[PDB]
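Have a look at the structure below, then the notes.
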Amino acid sequence: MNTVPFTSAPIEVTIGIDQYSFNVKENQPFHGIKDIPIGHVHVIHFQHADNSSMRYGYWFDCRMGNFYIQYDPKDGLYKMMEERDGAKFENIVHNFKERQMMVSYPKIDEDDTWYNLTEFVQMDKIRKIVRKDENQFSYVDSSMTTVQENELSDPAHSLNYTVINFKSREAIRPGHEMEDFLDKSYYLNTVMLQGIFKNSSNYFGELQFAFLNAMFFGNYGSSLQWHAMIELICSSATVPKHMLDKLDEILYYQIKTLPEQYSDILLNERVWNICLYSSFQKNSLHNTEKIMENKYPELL
Amino acid sequence: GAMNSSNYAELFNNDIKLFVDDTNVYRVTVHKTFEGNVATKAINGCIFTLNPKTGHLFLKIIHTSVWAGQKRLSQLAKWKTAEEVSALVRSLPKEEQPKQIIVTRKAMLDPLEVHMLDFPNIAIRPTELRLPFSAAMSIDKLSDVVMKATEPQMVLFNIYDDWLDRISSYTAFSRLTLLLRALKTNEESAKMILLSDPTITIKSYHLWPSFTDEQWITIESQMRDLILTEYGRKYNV
Ligand SMILES: C[C@@]1(c2ccccc2)NC(=O)NC1=O
Ligand SMILES: C[C@@]1(c2ccccc2)NC(=O)NC1=O
């Protein structure tokens with residue numbers, strides 16, 4: 001079990017750790033989060049009490065280093081940093097734990113909600129989508145645009161998701177125009193899976209990372225990416241059977257976790273109705289269709 | 001974006017553009033089978049591709065053999081249209097290729113966009129105008145070449161005959177759309193108007209009769225009357 005200590009909490013802020021959130025008051029004696037499960041990526045995120053604008057946060061994996069949070073009063077935000085002095089870090093954490101100045105990552109011992117949302121998400125791949133190679137953790141916020149959004153403006157601060165565009169020469173083989181537009185299997189299987197992602201695990205990892213960015217920071221571009229990756233599968237007549245079964249599980253847990261009150265804006269009516277009721281895979285997502293119909297029947 | 005009444009004179013500027021109408025590509029007769037079920041029999045069709053500034057009509061005849069063994073023909077027809085328009089563009093010298101292609105039906109937008117991905121600078125546009133190009137097969141010489149075709153064939157016409165020697169392309173297009181609107185609303189009446197007088201003939205190399213300027217004014221008035229009529233006969237006004 002790993003720990004992310006905080007130097008202090010000088011400004012009132014709502015802090016989230018994965019799917020959990022808690023409030024910290026201005027100058028409250030808060031010194032971080034302990035008992036963080038090893039084996040998963042994690043995200044620690046922030047919304048200031050005085051400017052709910054800009055949710056921001058950091059993706060990290062405690063196996064990759066000792067990380068802490070420190071507020072910067074010049075840049076006005078809580079920053080993640082790496083402590084290279086391992087003995088200094090262990091000493092700091094032990095003192096904060098002895099003084100019980102940390103919230104404990106919940107230890108609910110029955111379901112894998114976070115595992116189920118991050119099954120295919122790897123820190124190495126996050127770091128290729130979010131480029132800042134001198135850090136082992138990755139910063140994301142509400143406003144960051146994607147490389148595709150920038151083609152339609154600061155490249156260093158962009159989300160480099162894989163570009164998916166159904167009306168692109170990459171997606172459409174000369175002479176197979178109708179075939180490739182109406183059945184995207186070529187684009188899914190040859191271009192994207194064999195060619196770019198190499199395997200379905202990496203495809204699902206980016207899909208899951210895009211959803212989490214769309215939900216935790218209200219990142220419009222991440223939302224677009226998540227839906228495009230769903231639609232590319234649902235619009236392919238030929239999809240490996242294990243991929244469909246896994247996609248159904250992935251989406252089920254995503255829909256289950258979504259805040260009920262953010263559904264109106266986080267769920268694209270057109271894509272979901274097409275995917276569940278018109279697409280080649282309309283009958284292949286039983287778990288997802290059942291939770292969607294019972295939880296958001298308005299959208300459909 | 002979309003073409004409508006406000007941006008109408010754009011049709012007659014000097015940017016090359018083509019209208020594409022797909023309404024006569026896939027044509028059928030519906031009939032009863034011996035068992036009393038219903039079946040269709042395809043007949044030859046055509047793509048109607050028109051330069052509104054010059055009158056140049058690229059009539060691609062769609063022979064019924066292109067449907068043999070194919071499913072979902074109404075969907076296929078839109079993609080075949082887009083394939084043939086793309087092929088026409090590629091066949092033209094660069095300086096004759098259109099800068100815009102305006103489709104008369106919005107269901108042609110995605111098929112044509114996809115077939116024209118190689119031409120990112122050609123704009124594919126819909127229109128809000130209700131244009132009467134479906135009535136092209138009421139022009140006798142066009143219907144004749146379509147029904148006589150035994151294989152795929154492109155035939156070139158000037159749909160304005162020699163009118164541009166005397167009138168502007170705005171006026172010529174307005175005359176064409178009035179004639180076609182009339183033929184679409186009451187083909188028999190419209191054709192009676194156009195041919196009642198046997199001394200006005202259609203030149204061998206023309207589609208419409210050789211009316212004088214004065215006779216066109218009379219003809220044009222008779223077509224307006226017809227359209228207004230039928231609009232009463234229809235709605236009882
Ligand atoms: C246990 C915790 C929480 C648990 C479940 C949902 C939301 C928050 N409470 C708290 O102060 N911090 C947390 O993580
Ligand atoms: C509504 C919103 C959105 C954000 C993330 C996913 C879907 C919608 N659109 C936008 O411009 N900012 C948002 O929060």
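By order in the structure tokens, chains are A, B, ...; within a chain, residues start at 1; ligands start at 1, following the order shown.
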* Could the residues that lie within 8 Å of ligand 2, counting only C-alpha atoms and all ligand atoms, be listed as a PyMOL selection string? => chain A and resi 142+214-215+217-224+265-267
* List all protein, DNA and RNA residues that have an atom no more than 8 Å from any atom of ligand 1, counting only C-alpha atoms and all ligand atoms, and report them as JSON, numbers by chain. => {"A": [16, 17, 19, 20, 21, 22, 23, 103, 104, 105, 106]}
* To do: Fewer than 3 positions away in the same chain doesn't count, so skip those; otherwise give me all residues within 12 Å of segment 190-193 of chain B, counting only C-alpha atoms, as a PyMOL selection string.
  => chain B and resi 135+138-140+178-187+196-198+200+208-209+215-216+218-227+229-230
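Of the residues listed (A:155, A:174, A:240, A:205), A:174 shows the shortest atom-to-atom separation from chain B; distances use only C-alpha atoms.
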* Asked: Within 8 Å of chain A, which residues of chain B show up when using only C-alpha atoms, listed as a PyMOL selection string?
  -> chain B and resi 79+111+113-115+117-118
Write out as a compact mmCIF listing (two decimals) with C-alpha atoms, in the first residue's frame all residues of segment 121-159 of chain A that backbone DSSP assigns to strand (DSSP E or B).
```
# COMPACT_ATOMS: atom_id res chain seq x y z
CA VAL A 130 0.25 13.19 -22.45
CA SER A 138 0.91 13.02 -16.21
CA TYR A 139 -1.07 16.25 -15.80
CA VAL A 140 -4.54 16.57 -17.34
CA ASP A 141 -7.19 19.29 -17.04
CA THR A 146 -6.64 16.83 -28.46
CA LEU A 159 -3.89 15.07 -25.59
```
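We find atom CA of residue 85 of chain B and atom CA of residue 152 of chain B to be spaced 13.9 Å apart.
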* To do: Would you kindly return, as a list in words, each protein, DNA or RNA residue with an atom no farther than 10 Å from any atom of residue 191 of chain A, considering only C-alpha atoms and excluding same-chain residues fewer than 6 positions away?
  => residues 170, 171, 185, 197 and 198 of chain A
* Asked: What's the 8 Å shell around segment 49-61 of chain A, counting only C-alpha atoms, without same-chain residues fewer than 4 positions away, as number ranges by chain?
  -> A: 12-14, 38-45, 65, 80, 123, 126, 136-143, 216-218
Grab the residues selected above and save them as a short mmCIF file (atom, residue, chain, number, x, y, z; two decimals), in the first residue's frame with N, CA and C atoms.
```cif
data_model
loop_
_atom_site.label_atom_id
_atom_site.label_comp_id
_atom_site.auth_asym_id
_atom_site.auth_seq_id
_atom_site.Cartn_x
_atom_site.Cartn_y
_atom_site.Cartn_z
N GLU A 12 -8.79 25.96 0.05
CA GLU A 12 -9.93 25.06 0.13
C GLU A 12 -10.14 24.40 -1.23
N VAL A 13 -10.30 23.08 -1.22
CA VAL A 13 -10.28 22.32 -2.47
C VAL A 13 -11.04 21.03 -2.25
N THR A 14 -11.74 20.58 -3.29
CA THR A 14 -12.25 19.21 -3.34
C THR A 14 -11.19 18.34 -4.02
N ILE A 38 -1.56 -0.86 -4.73
CA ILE A 38 -0.52 -1.14 -5.69
C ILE A 38 -1.09 -2.05 -6.77
N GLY A 39 -0.70 -1.79 -8.00
CA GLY A 39 -1.06 -2.63 -9.12
C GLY A 39 -1.87 -1.92 -10.16
N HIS A 40 -2.32 -0.69 -9.88
CA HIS A 40 -3.24 0.02 -10.74
C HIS A 40 -2.64 1.39 -10.99
N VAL A 41 -2.96 1.99 -12.14
CA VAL A 41 -2.76 3.44 -12.21
C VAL A 41 -3.76 4.11 -11.28
N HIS A 42 -3.52 5.39 -10.98
CA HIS A 42 -4.42 6.13 -10.15
C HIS A 42 -4.45 7.55 -10.68
N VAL A 43 -5.44 8.30 -10.25
CA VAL A 43 -5.54 9.72 -10.62
C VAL A 43 -5.90 10.49 -9.37
N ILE A 44 -5.17 11.57 -9.10
CA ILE A 44 -5.49 12.45 -7.99
C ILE A 44 -5.84 13.79 -8.60
N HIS A 45 -7.00 14.31 -8.24
CA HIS A 45 -7.57 15.44 -8.98
C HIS A 45 -8.18 16.47 -8.05
N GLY A 65 7.78 5.54 -8.58
CA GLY A 65 8.48 6.56 -7.83
C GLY A 65 7.67 6.95 -6.61
N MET A 80 1.97 17.94 -8.49
CA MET A 80 2.62 16.68 -8.13
C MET A 80 4.11 16.83 -8.38
N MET A 123 0.49 3.12 -17.42
CA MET A 123 1.16 4.41 -17.29
C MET A 123 2.05 4.72 -18.50
N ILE A 126 -0.28 6.15 -21.12
CA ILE A 126 -0.71 7.49 -20.73
C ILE A 126 0.37 8.51 -21.08
N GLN A 136 7.36 11.39 -14.30
CA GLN A 136 6.79 10.05 -14.33
C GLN A 136 5.28 10.00 -14.19
N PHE A 137 4.66 11.13 -13.90
CA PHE A 137 3.23 11.25 -13.73
C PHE A 137 2.76 12.21 -14.82
N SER A 138 1.46 12.22 -15.10
CA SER A 138 0.91 13.02 -16.21
C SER A 138 -0.21 13.94 -15.78
N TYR A 139 -0.08 15.23 -16.12
CA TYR A 139 -1.07 16.25 -15.80
C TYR A 139 -2.15 16.31 -16.87
N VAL A 140 -3.41 16.36 -16.44
CA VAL A 140 -4.54 16.57 -17.34
C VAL A 140 -5.48 17.59 -16.71
N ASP A 141 -6.15 18.41 -17.55
CA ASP A 141 -7.19 19.29 -17.04
C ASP A 141 -8.36 19.42 -18.04
N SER A 142 -9.39 20.14 -17.58
CA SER A 142 -10.65 20.26 -18.29
C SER A 142 -10.46 20.85 -19.69
N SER A 143 -9.48 21.75 -19.85
CA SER A 143 -9.39 22.58 -21.06
C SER A 143 -8.47 22.02 -22.13
N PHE A 216 -13.72 12.61 -15.20
CA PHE A 216 -13.14 13.29 -14.06
C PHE A 216 -12.83 14.75 -14.33
N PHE A 217 -12.57 15.15 -15.58
CA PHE A 217 -12.25 16.57 -15.84
C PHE A 217 -13.23 17.21 -16.81
N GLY A 218 -14.28 16.55 -17.28
CA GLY A 218 -15.18 17.18 -18.27
C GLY A 218 -14.40 17.68 -19.48
#
```
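Proximity ranking of B:177, B:86, B:24, B:168 relative to residue 9 of chain B places B:168 first, based on only C-alpha atoms.
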* Per DSSP on the backbone, filter segment 13-192 of chain B down to the residues in alpha helix (DSSP H) and report them as a ChimeraX atom specification. => /B:73-91,109-115,140-148,169-185,187-192
* Structure fact -> From the list B:6, B:150, B:156, B:103, the nearest residue to residue 66 of chain B using only C-alpha atoms is B:150
* **Residue contacts of residue 3 of chain B (12 Å, only C-alpha atoms) excluding same-chain residues fewer than 2 positions away, as a VMD selection string** => chain B and resid 1 5 to 11 19 100 to 106 123 to 131
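Atom CA of residue 206 of chain A is found 12.1 Å from atom CA of residue 192 of chain A.
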Residues within 8 Å of residue 10 of chain A, please, as a compact mmCIF listing (two decimals) with N, CA and C atoms, in the first residue's frame. Count only C-alpha atoms; anything in the same chain fewer than 3 positions from it doesn't count.
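The resulting file, result24.txt, is shown below:
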```txt
# COMPACT_ATOMS: atom_id res chain seq x y z
N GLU A 26 -9.63 25.38 3.78
CA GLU A 26 -8.46 26.26 3.73
C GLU A 26 -7.60 26.11 4.99
N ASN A 27 -6.33 25.75 4.80
CA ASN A 27 -5.36 25.58 5.89
C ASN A 27 -5.77 24.47 6.87
N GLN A 28 -6.56 23.50 6.41
CA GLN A 28 -6.89 22.36 7.25
C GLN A 28 -5.67 21.44 7.36
N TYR A 71 1.31 22.67 -2.88
CA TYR A 71 0.66 23.82 -3.50
C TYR A 71 1.72 24.83 -3.92
```
